[PDB]
Structures are given as structure tokens and as C-alpha cells.
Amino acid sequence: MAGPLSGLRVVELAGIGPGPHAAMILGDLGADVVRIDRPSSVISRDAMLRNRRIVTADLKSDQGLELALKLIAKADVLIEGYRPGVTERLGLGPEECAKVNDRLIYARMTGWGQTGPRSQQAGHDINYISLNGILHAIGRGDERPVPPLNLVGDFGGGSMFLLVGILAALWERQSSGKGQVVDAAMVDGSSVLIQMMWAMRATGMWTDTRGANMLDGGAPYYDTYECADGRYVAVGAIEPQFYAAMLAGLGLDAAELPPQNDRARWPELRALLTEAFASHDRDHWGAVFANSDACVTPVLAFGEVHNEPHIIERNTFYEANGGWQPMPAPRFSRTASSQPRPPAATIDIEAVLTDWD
């Protein structure tokens, strides 16, 4: 099996969102990933279940439990993302796992954490980011907050911190010879994800007013603009030298505009930039500014990404069943990753305990 995480053995108790996204990446990088789903369901639809062996097993039954408990015994990592108490009351808790394998990295993916008042509440991405200030900061100032899909709570502030915890604990287990419990809460990870704003907030460089900051769309030089065809460009020309390059491509003379960072005159500035970008279509701007430091790029829809040169040449995507999918990231010089394998039709848990000798 190809990739830097070759050898690594992972047990994933089937859940939704972060838990599986973490498991995918471990797989992606060559870990051996075994997912136990409920029998009361089931070759899979979700391309998120790539780089995976799937096994049936009713964990409520006494048999199901011990089979599971065997897999965990011969494995490096356990991933679960159920509310607190669920694995305990199944007989798969940390304390129970530590008795068949004190090397186990016990990885617990939740929104709210393992304790505290909200620890039993149901929730999704949007709820976790609502409590820690993030959601309030996203969207235009004249309107209600808009959810950044489930990118910030589930994945960026959830799965990815689960991965860092798993892999940091594996580094630890090289010294001490023992595993441990990784407690990944989306509300905490997403908070560290936005540490920049907490830092800027302290030094007067970020306010709580939505749509009135450097990076939220309030700056006319860091925002999207509608073009003549109703498609969009993005502008991220923060540094003055890049902003100057953008102005020249737009045909605007700096002498006729207000200063880039005079906020009181951002309305005028925005109006000027808006009229300029509105006068040609996205693909015009795309050409004018390619190879340029103007920080102006076309805003592509998913369906167009496969035609973008830089995306094609670096193989950011591969084809798989009437749909493109992202190739693993990041990339490794010596132990490169493979193309992911599609979800691996169900298997029997004995066959896996056997294969794992």
C-alpha cells in the first residue's frame, strides 16, 4: 500500500462528517482503514468512503462486540464520532480498549466535547461555529450570517484536528510505548482555526461588525466582483504593489481613486472598482491578469474546474464514476500516495482478522 502512512492500521466506527473525512485522509495516505458499519443499512455511493474496507457488525450483540474488540486489539487507531457515552455503553470505551491494546490511539470526534452542558445536544457544523463567534463573522453586513458550507466546523476545525491529534499521538507513542485518548471537539478546533482573528481582535485590527474588515469582504481589494456576463472574479490584492498592478490592468489611474486603505472612502473606491470589473466578462479579466501579481482570478463553478489549466497539469483531480474527485493532499517527494480505490464492497470481519494475522 502506497503513501507515508503505510503500515498504519485504523479502525473507524461508522458515523457522519468529520469522523469519515479523517478516516479518508488516513486511507488516502496509505493507512489500512477498516470501517465497521451497522448491518441495518447496506457497493457504496459515497466517494468519501474511498481507501476503505467496510465490515458489517451489530455492536449491540455480544458476538459483534468481541469481533470488534479483536480488530481494535490488532490496530493502531480507533476513530469514533458518536455522542459521549455511546462507545462506553457499547463496551468499546477508552478504558475497555486500553485493556486489549494499551498502544491504541483512541480518537473521539465530537462537536461540543466530551463534557459540559451541550455535550449531549445534537448539532451540526453550523451550530458548533455559531457558539464561538465564527458564523457571526461570515457574510455581508446588511444581511444575516451565511454558513460557509460545512467546511469550517466539520473539516477544517474537526476532522483535520482529529488527524493532527492522531498523528501527534503516534509520534508520542514512539517515545513512551503507550497510546492515549484524543479529544477533538469541532468547537475547539474551529476556534484555533480562526486564531488569526482572535489575534487581530486584540490589537484593534478586527471588529465584530460583519462585512467591515480586511478579509470578510469589507475591503474593496479583497472581495468578489460581478463581471459583464454575470460571472465573477475574486480580488485579493492586499499588498500595495499587487493592488497597483490590478489598477493598471483595470485601466484605472491611481490619481483618480481614493487611497487603497482610506476606509472612509471605501464606498467610492468600491463603486469605481465595481464599474470597471462590470465592463468586461470574467474571461476577459482572466486573460488580462494571467501570469500577473494582480491577485485577480476567475471564480469557477465546480463544473468548470476540470477545464482550468493549472488544475489539469498538477492533477489536483481524478475521474471516478461520472464525477471528478480530489487527489490526496498534501504531496510527498519519496513516499507518494496512489490514486484512491473506490469503496471496497463489504467484507467479513473474520477475513480481516485473518489477513491481519
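Residue numbers here begin at 1 and follow the sequence given.
- Where the other entries of this protein model the residues before and after it, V42 is dropped from at least a third of them.
- According to the entry, the stretch of the deposited sequence that connects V42 to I43 contains 1 to 3 residues lacking coordinates, which leaves a short gap in the model.
- Mean CA B-factor, 238-246 versus 177-185: the higher value falls on 177-185.
- The stretch 320-328 shows the higher mean C-alpha B-factor when 25-33 is compared against 320-328 in the entry.
- The PDB entry assigns the greatest CA B-factor among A68, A301, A294, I312 to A68.
- Per the deposited coordinates, the residue with the largest Cα temperature factor out of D262, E275, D229, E95 is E95.
- In this PDB entry, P343 carries a Cα temperature factor that places it within the highest third of its chain's modelled residues.
- Remark: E172 belongs to the highest third of its chain, ranked by C-alpha B-factor as recorded.
- When the CA B factors of the chain's modelled residues are split into thirds, the value for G17 lands in the middle one.
- Ranked against the other modelled residues of its chain, the C-alpha B-factor of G123 as given in the entry falls in the middle third.
- Split the chain's modelled residues into thirds by C-alpha temperature factor. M200 is in the middle one.
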